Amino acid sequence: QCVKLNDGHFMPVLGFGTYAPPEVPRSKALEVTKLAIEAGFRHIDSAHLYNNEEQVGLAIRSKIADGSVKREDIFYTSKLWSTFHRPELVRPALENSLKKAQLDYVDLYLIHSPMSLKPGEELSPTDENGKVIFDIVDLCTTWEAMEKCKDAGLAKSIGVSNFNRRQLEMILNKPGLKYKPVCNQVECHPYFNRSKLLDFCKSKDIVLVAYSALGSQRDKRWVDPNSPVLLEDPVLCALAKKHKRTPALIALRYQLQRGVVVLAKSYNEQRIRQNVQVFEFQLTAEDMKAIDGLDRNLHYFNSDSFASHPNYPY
């Protein structure tokens, strides 16, 4: 099951999220990405930020080498980190990600976030006062450098992540625009369903890709512990009993039926294999309306520090 992107390429509508906290050994990304491919996942989501592209690339090469899959069957996504927004850094950043993953191309390269940070070796450059150091970059020049990555064939498609409507319009109205973003990867789930942003993206032929669609990893560092737990929600549990499914599968199916490509992270073999059952059932129109009613503008990403960035999207 794929959606056609506005540049003609195809994207599988169910994707495997690979980010795990640094508590988790790097070897685990290799094992679970292999399990995801074996379970039926063909869309694999990574990023420079995740510090796992070598292991994710090893898992793809492993399933190609053993005969399970051809490179053409895999949709591999990586992302440009915010310290590399300056145009001269974009292509070397992609080529470095390609070198780590040991691939000739990525199916999708994204601007990970509109909030530019100080260039350097640190993912989170921090000044003498403990504050993250912002950078000011014309994101239209970042996009122009992204377009040349597609030109050269290092990325089959290019898109963005964590952009709001204002930010998307900035790229769409850029003079001399060569490629529109094929997608906007944003936090999206029943508590924060982005119905207006999704409507805007549909109007522009841009796919909305939902992360944290299962309610996030509730990382102790960011997520508020008193924030509601999505997978324990009463309405999702009622529908899970009605359909003889699980709350996670109801959340995933919800996005598929509203036209949203959905990611799903799991490092647990049984839950990885369970998640591809999203294709085995259908929610009713009344089911969808009940899930729509859960919307409460709750984002699991919470940061006092970035809330002051000029490009903060919320």
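Think of the rigid core as the biggest set of C-alphas that the two forms share within 1.5 Å after superposition. Residues carry their position along the shown sequence, with the first being 1.
**Student:** Please tell me which region, 219-227 or 192-200, has C-alphas lying farther from the displayed form on average in 9 other deposited structures of this protein, with superposition done on the core.
**Tutor:** Per-stretch check in 9 other deposited structures of this protein: the more divergent one is 219-227.
**Student:** Do the Cα atoms of 305-313 stray more than those of 2-10 in 9 other deposited structures of this protein, or is it the other way round, with the core held fixed?
**Tutor:** Looking at 305-313 versus 2-10 in 9 other deposited structures of this protein, the farther one turns out to be 305-313.
**Student:** Per the PDB record, is the mean Cα temperature factor higher over 67-75 or over 235-243?
**Tutor:** Per the deposited B-factors, the answer is 235-243.
**Student:** Please compare 191-199 with 224-232 and say which has the higher mean C-alpha temperature factor in the record.
**Tutor:** Per the deposited B-factors, the answer is 224-232.
**Student:** Select one of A285, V262, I250, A59: the residue whose C-alpha shows the highest B-factor in the crystal structure entry.
**Tutor:** Largest recorded C-alpha B-factor: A285.
**Student:** Between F10, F16, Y19, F301, which one tops the list for C-alpha B-factor in the PDB entry?
**Tutor:** Spelled out: the listed residue with the top C-alpha B-factor is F301.
**Student:** Going by the entry, which third of its chain does the Cα temperature factor of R258 land in?
**Tutor:** Its C-alpha B-factor, which the entry lists for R258, ranks in the middle third among residues of this chain.
**Student:** Is the Cα B-factor recorded for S27 in the lowest, middle or highest third of its chain?
**Tutor:** Highest third - that is where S27 ends up once the chain's C-alpha B-factors are sorted.
**Student:** Once the chain's modelled residues are ordered by C-alpha B factor and cut into thirds, is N184 in the lowest, middle or highest one?
**Tutor:** Lowest third.
**Student:** In terms of the CA temperature factor given in the entry, to which third of its chain does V207 belong: lowest, middle or highest?
**Tutor:** As the PDB entry reports it, the C-alpha B-factor of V207 lands in the middle third of its chain.
**Student:** Where does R271 sit by CA temperature factor within its chain: lowest, middle or highest third?
**Tutor:** Answer is middle: the recorded C-alpha B-factor places it there.
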